[PDB]
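# Coordinates in review
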Amino acid sequence: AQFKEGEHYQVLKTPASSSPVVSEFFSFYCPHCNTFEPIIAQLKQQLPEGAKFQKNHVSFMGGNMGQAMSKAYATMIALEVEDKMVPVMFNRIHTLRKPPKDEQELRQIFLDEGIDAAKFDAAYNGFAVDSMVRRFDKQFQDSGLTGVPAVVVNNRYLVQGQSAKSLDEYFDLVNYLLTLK
């Protein structure tokens with residue numbers, strides 16, 4: 001057992017899920033965090049079909065505009081454009097290095113990516129989006145996370161992954177946490 005609690009991960013004692021689920025917490029405002037996100041996607045493809053995966057965006061990393069960034073990811077969901085724009089937010093941050101300063105620049109980013117201001121406006125003001133921004137923010141609070149990217153397995157074990165220099169070891173910890181209760 002290469003992985004053990006207190007060394008490869010810690011237990012939040014949070015409300016664990018009845019089935020295997022993995023959630024990633026990240027912020028569009030951290031170029032280094034955004035770079036790790038991709039690695040989490042590698043875990044998704046590697047994750048066992050039995051295990052479920054989930055995504056979480058934190059507004060506390062954003063700061064004064066954290067609330068806007070959370071709504072923006074939810075807005076993508078209304079437009080079915082999460083996969084496309086999601087990385088656009090990380091690119092613009094981790095690559096263009098031009099993070100949105102207001103909701104206005106944020107609107108231009110979506111339209112630049114081929115999305116409409118009309119449908120994006122319907123999504124940003126959709127009651128569903130606002131509900132999702134609150135949802136993920138709660139996930140980080142219960143998870144006891146102090147900085148993304150953070151990975152939670154069964155919403156109860158937190159992956160340190162420090163020992164795993166290579167995804168093979170980091171992935172293996174996630175696999176055990178999926179079976180941890």
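Quick summary incoming for the structure in this document.

Moving on, we get to the nonpolar core. Counting residues in each nonpolar core, the largest one holds 21 residues, and the members touching the most others are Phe28, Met76, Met85, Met89, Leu106, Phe110 and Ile115. Only α2 (66-78), α3 (82-94), α4 (103-112) and α5 (117-124) provide two or more residues apiece to this core. Not counting residues up to four positions away in its chain, the partners in contact with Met76 are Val81, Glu82, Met85, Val86, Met89 and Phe110.

Turning next to the packing of helix α1 (residues 31-46) against α3. Running from N to C, α1 and α3 point in directions that differ by 140 degrees, and their axes come no closer than 9 Å. In terms of their interaxial angle, α1 and α3 are classed as oblique. Crossing geometry of α1 relative to α3 is assigned as left-handed. On α3, the residues that touch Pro31, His32, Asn34, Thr35 and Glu37 of α1 are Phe90, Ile93 and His94. Split into classes, the residues belonging to the contact of α1 with α3 amount to three nonpolar, four polar and one charged.

Looking now at the state of the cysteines. Scanning all chains against the criterion turns up zero disulfides. Just so you know, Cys30 is unpaired, no disulfide at all, and the nearest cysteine sulfur is the one on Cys33, 3.8 Å from it. Accessibility expressed as a relative area gives 12% for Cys30, which makes it buried. Given a relative accessible area of 1%, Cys33 falls into the buried group.

Once that is clear, we can look at the packing of aromatic side chains. The geometry of an aromatic ring pair is captured by the separation of the ring centres together with the interplanar angle, meaning the angle of the planes. For the coordinates displayed, the defined rule picks out twelve aromatic pairs. Relative to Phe28, the ring of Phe26 has its centre 5.6 Å away and its plane inclined at 85 degrees; by these criteria the two rings are edge-to-face. No difference in accessibility class separates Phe26 from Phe28, as the two residues are buried. Connected via pairs of aromatic rings, a cluster forms that spans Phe26, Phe28, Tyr73, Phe90 and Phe136.

Procedures and definitions
- Residues numbered from 1 in each chain as written, not as in the entry; some residues may be left out.
- Heavy atoms only, no water.
- Core = buried A, V, L, I, M, F, W, Y, C linked by side-chain atoms within 4.5 Å.
- Buried < 20%, exposed > 50% of the residue type's maximum accessible area, 1.4 Å probe, protein only.
- Helix = DSSP H or I, 4+ residues; strand = E, 2+ residues; numbered from the N terminus.
- Contact = heavy atoms within 4.5 Å.
- Axes fitted to C-alpha atoms, helices over the stretch in contact; angles between N-to-C directions.
- Parallel < 35°, antiparallel > 145°, perpendicular 65-115°, else oblique.
- Left-handed = near helix turned anticlockwise from the far one by under 90°.
- Nonpolar A, V, L, I, M, F, W, Y, C, P; charged D, E, K, R; others polar.
- Disulfide = S-S within 2.5 Å.
- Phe/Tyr/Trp six-rings, centres within 6.5 Å; stacked < 30°, edge-to-face > 60°.

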